[PDB]
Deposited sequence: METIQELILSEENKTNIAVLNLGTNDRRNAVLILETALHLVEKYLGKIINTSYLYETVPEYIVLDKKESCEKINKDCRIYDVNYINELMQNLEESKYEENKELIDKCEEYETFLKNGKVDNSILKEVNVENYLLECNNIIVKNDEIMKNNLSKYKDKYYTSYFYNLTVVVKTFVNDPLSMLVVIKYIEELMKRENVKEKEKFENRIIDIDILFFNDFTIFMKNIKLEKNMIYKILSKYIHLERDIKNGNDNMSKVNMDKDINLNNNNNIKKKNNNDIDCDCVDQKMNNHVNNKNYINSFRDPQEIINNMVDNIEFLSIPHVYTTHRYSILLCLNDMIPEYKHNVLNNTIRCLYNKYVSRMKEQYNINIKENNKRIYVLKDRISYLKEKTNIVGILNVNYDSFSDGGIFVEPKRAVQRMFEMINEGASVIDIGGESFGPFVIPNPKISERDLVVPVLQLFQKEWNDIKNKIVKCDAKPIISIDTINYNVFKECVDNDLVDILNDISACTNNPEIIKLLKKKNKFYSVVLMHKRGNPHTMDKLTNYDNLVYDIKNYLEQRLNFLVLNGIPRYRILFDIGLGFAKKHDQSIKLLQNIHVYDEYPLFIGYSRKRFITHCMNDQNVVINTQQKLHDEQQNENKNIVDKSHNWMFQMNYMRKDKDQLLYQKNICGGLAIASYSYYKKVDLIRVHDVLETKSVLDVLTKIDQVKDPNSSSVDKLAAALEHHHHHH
C-alpha cells in the first residue's frame, strides 16, 4: 500500500475531536492544537463550541515561535462555499479509500469489543473541528496528529471521521522510516519523538470507536454537522443526540446537559454560557479630544465593576478628526497606564477585556498589531468589510467577535422597519453570519450574538426582540439597550433632566430582565448603577440550601 506517499495532492474531509483536562489552560492548549492543525493538516472550516464535560459513567509561547514549516502553503483568503465539504455532508461520490475498508457488521463487532475491553480495564474540555485536508489517508493524518500531540508534549486529538470511510485496522506498528516518510511528505523536517509514536499507533478506527457512545462527542458534532449520516449510524447526528438526551431522562432521571456545559471565550479564559451577566462599559471618545480624561473614565469603569470596556469613535446621533485618531491614542494611553503596574505581580485576573466598536479594517489592524484590543465589536456583522474576519486569527492568537444586526446607518435606520418575521429574521441573519465566520475558521465559541436594539427597529420592535430573547438560549448573547429611545417610549409621560433619569432607571429594569433571561453581556454607560443591581439579584439567588423552603414549611406544619 505504498501509494500512501503519492505526491499527487488530494482534497479530503476529516472531522477531529480535541480534549484536554487542564482547565486553567484549556483555551491556550486547545487553540494551540487548532493552529497546529491549521498549519500541518489543511483548512479549518467548522468548529463546535467549547464544552466542560463529565466522564461517561457516574513554555508554549516560546515553542510557538520555532515550529517546522509545512510543505503546503496558506491562504487566509475568504470562502463562500466548499464543494468537497458539501459532498461530505450529502455523502456524495468521493474517490475510493486508499486503505482497506471493512464492512459495517464487521466494524460494529470490533468496536463492541474495544468498548467492553475498556469497560473491564477500569473534568474534560472538549472541542470538535472539521479539516479540509491535503492528507491522503486517516493513518497518515494520525501520524501527523500524534506528531502534533508530541511537540505540544495534556492534549488528546482523535479522528472521528474521514470522508465516508469504514475502517478497522487491527495490526499496526511500522518502520521508523515510514513514520519519517509520512512526516517528510507534509512537514519540512529539521529523535526521541518517533519512539513514543510507534508504540501509540496500535490500531485505527474510522469512524472513531466512542463516536456514538461518548455523549461529549455527540454534543460537539451536533453543533457542526446536525444532519450528517454515516452508513455506520442508525440515524443522523442530531437524532442520536436527541435520543441520548431523551433516553437519559426517561431511564436514569438525569438531565445530561447539567454536567456538560457550553463555553464561550471572551479573551483567554472559560466563560460558562448563561452563568454570568457581564457588564460592558461604554467609552465613546466621540461622546478638542482629551485622551487623559477618557483613560481615567476607563479606570472609573473598572473600579465600578465592568469586566469588559467598549471603545469606539463615531456618533450615533464631527468636523475633521478621524476614527483612528480618536481610538488608538486613548487605547495606547490605557496600555501605558495599566502597565506602569503599582498593585500586583499577579494581575492576570484583574485586567479588563478591551473591545473596539469598529467596522474599519485599518483601525482594527492597528489595534490588533499594537496588542491594544481583545474583542472586535462589529455592528455590521462584518458586512462592511468581510476581510476584517482575517484579522481575528494571528499565527497563535485568536480574537473574539460580536456580530450585530442592523439595516442602513443612523441617518437612514428609523425608516427601515418592515420585517417579514422580526424575531426569526434577525436570528436567521446572525446564524448565517456565524456560519460564514465558522466556514472561515473563526472558532464557534468566540462568536457573540447581538440583536442590535434600536438599530432599524421601531420601539415596539425593540421591546418584542426582548420579549423573545429565549430564542438565543443556545448562544452567547451580547446586547445594548443603554440610553436608547425605546426605553423612554415605555414611560407614561428640568423636564429632560428627569427624562435622562427615567431612562437610566428604565435601563436598570432591562438589566434585571437581562439577569433573569441569563444574557451573557450587557453594554451599558452607567456601570455603577448596573453592577449594584446585578449584585443584589445575584445575592437573592444565592440559596444556601436549595430545598430548604419545603423543609422549613414542613417543619412549621408539624410545629
Next on the checklist: Checking coverage: what stretches of the deposited chain sequence are missing C-alpha positions?
Outcome noted: 1-4, 63-83, 148-161, 193-205, 243-302, 400-407, 438-442, 619-656, 723-728
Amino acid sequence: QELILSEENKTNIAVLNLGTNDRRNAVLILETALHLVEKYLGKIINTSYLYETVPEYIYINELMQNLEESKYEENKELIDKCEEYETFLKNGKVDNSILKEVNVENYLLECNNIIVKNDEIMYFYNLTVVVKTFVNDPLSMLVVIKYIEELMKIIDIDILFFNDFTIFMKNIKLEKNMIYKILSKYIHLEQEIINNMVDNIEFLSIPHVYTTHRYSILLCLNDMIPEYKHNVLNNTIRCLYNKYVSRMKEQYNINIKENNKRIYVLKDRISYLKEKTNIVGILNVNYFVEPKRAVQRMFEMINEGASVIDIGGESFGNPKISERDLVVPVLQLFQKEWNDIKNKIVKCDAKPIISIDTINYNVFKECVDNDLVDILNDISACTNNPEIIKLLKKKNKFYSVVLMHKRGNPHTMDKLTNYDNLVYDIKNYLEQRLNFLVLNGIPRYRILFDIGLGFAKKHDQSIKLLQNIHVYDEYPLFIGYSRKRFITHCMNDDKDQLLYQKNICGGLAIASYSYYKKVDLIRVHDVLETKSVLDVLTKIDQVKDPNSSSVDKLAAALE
From here on, numbers count along this sequence of modelled residues.
Checklist entry - Should the higher mean CA B-factor in the entry be assigned to 409-417 or to 92-100? => result 92-100
Checklist outcome for this item: Mean Cα B-factor check, 265-273 vs 440-448, entry values; winner is 265-273
Checklist entry - According to the deposited entry, which of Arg324, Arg485, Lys457, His188 has the largest Cα B-factor? => result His188
Checklist outcome for this item: Per the deposited entry, the peak Cα B-factor within the set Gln251, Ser462, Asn196, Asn303 goes to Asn196
Checklist entry - What third of its chain's C-alpha B-factors does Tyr424 belong to: lowest, middle or highest? => result lowest
Checklist entry - Among the chain's modelled residues, which third holds the C-alpha B-factor of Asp80? => result middle
Checklist entry - Which third of the chain does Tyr59 land in by C-alpha B-factor: lowest, middle or highest? => result highest
Checklist outcome for this item: Sorting the chain's modelled residues by C-alpha B-factor and splitting them into thirds places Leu499 in the middle
Next on the checklist: Split into thirds by Cα B-factor across the chain's modelled residues, where does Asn339 land: lowest, middle or highest?
Outcome noted: highest
